[PDB]
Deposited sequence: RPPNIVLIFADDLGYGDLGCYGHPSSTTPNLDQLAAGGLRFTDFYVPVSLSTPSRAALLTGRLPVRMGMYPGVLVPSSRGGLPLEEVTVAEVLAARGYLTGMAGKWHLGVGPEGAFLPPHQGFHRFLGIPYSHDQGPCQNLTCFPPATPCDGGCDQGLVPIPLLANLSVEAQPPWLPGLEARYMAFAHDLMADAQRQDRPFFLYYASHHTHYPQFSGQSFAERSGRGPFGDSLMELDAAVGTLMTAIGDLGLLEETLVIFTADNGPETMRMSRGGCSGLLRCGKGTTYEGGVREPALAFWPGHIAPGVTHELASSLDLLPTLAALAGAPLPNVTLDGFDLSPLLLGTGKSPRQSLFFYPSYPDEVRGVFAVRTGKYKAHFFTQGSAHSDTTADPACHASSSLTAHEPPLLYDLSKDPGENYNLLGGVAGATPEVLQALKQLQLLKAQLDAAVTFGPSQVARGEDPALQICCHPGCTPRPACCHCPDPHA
């Protein structure tokens, strides 16, 4: 019997935000305990530093450029989305007899009649927002009870963020100081129903937590010590605790695999209300470590022994790994990941030796921006980001334009994870690594062909989810609070 898989996916969380990663003010007890009793990756990566492309890779196990998930991210009125021809991790597990369920952020397309929503991609049940919770006006929305408004006002001229139950609206806009609870209830029911049916479950919990605007329930409002960002993180942390308690009540601890990760680096433009990359450089939107190296925790009593691993792992590896753990056969399409089960179970080492990073806005001429092989990371092209502004490092700012590098900036991450000292700024070891890194790039650029841009398919405001069909005057008239 395959194990119960619980996949927690954080939004805009940095490498140095969790307590178990050394943050001085963060409050993350549950996550610290999960790490204390399980594997903790120090070198877990994501191919792209943005929500849409990153998530596209997690579910499909393939580089975002293949399925046209570029450039940037999808908006509410986007005409495209994650292709149906694509096979998600939910689809492979469902065929294996898994009760699949997703709670939270999707951001992988909505399309016409909701053709791109979770129910059509392999999930049995679904409760959450079709995209980032800031993609819709929030001037009047309350982020912290009793009545503390969400700063910034969010994306204007849009229909309020809808809380969809499968394919139909449940609220619009939902009550943020209580949206988390709805997810936990949904999660507990999914597991309970799965238990009584003698059927394994799969909970993809894509939290809105630590993405702007920062929100929370009265239970965490001003309780972290790190302010708004802290309270939001404390809620995400508590959500992990409740899921563990629920699994504990059902007596599934040793029969359930829990995994925690985030989609991309910290949005430092949010300043004190944003995440922290720690010692790593830059953040969200950039190909620097701070934006692509995400925290990761593997928990599974009696199977995954507690410790810390410095071995190379990526979000592209989850699908094949989970498929191997569930006995579910891998899809026909070429995956860009590996089976990390040996590493998790402790029977061997990780088969991942190289990592490829693409920019927020890729093209077939420049190709991959950075490649890592072993402890060496080359930067063929560097670029800053608006998401990584307000930092002391000028390289992260939007001011820093796309500059090419020949020879590339070579960094030894084992002794310089902060990417401060360029080696080629020679040694037989270094020189050999260079020729290797240059060849790996050329090989991928030659093989990988960019799939048709889904984002370039245009926008149509008629695709915006409205609570009252044939409403007037749209989109403001689309309403149905709690």
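Judged by missing C-alpha atoms, the gaps in the deposited chain sequence fall at residues 426-429, 487-489, listed in sequence order.
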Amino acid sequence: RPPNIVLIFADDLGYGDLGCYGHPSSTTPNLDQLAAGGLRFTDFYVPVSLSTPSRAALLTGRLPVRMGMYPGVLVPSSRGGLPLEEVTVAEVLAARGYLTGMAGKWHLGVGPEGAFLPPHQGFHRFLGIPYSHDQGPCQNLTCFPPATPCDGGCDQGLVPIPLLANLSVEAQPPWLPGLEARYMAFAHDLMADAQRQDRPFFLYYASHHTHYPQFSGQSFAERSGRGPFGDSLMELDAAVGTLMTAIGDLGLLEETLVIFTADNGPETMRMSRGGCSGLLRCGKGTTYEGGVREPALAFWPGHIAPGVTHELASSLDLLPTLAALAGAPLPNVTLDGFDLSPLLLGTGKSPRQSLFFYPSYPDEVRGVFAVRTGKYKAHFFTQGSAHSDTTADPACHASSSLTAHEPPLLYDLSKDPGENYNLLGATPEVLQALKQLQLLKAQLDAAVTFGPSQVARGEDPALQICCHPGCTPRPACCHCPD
From here on, numbers count along this sequence of modelled residues.
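The deposited model assigns a higher average Cα B-factor to 101-109 than to the other stretch when 101-109 and 205-213 are compared. In this entry, the higher average B-factor at the C-alpha atoms falls on 319-327, of the pair 319-327 and 381-389. Taking the deposited Cα B-factors for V65, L413, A426, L437, the highest one is held by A426.
Within the group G152, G290, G274, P342, the record's highest C-alpha temperature factor is found at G152. When the modelled residues of the chain are ordered by C-alpha B-factor, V455 sits in the highest third.
In this PDB entry, the Cα temperature factor of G248 sits in the top third of its chain's modelled residues, the highest group. Ranked by Cα temperature factor within the chain, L297 sits in the middle third according to the deposited record. In this PDB entry, the Cα temperature factor of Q33 sits in the top third of its chain's modelled residues, the highest group. When the CA B factors of the chain's modelled residues are split into thirds, the value for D134 lands in the lowest one.
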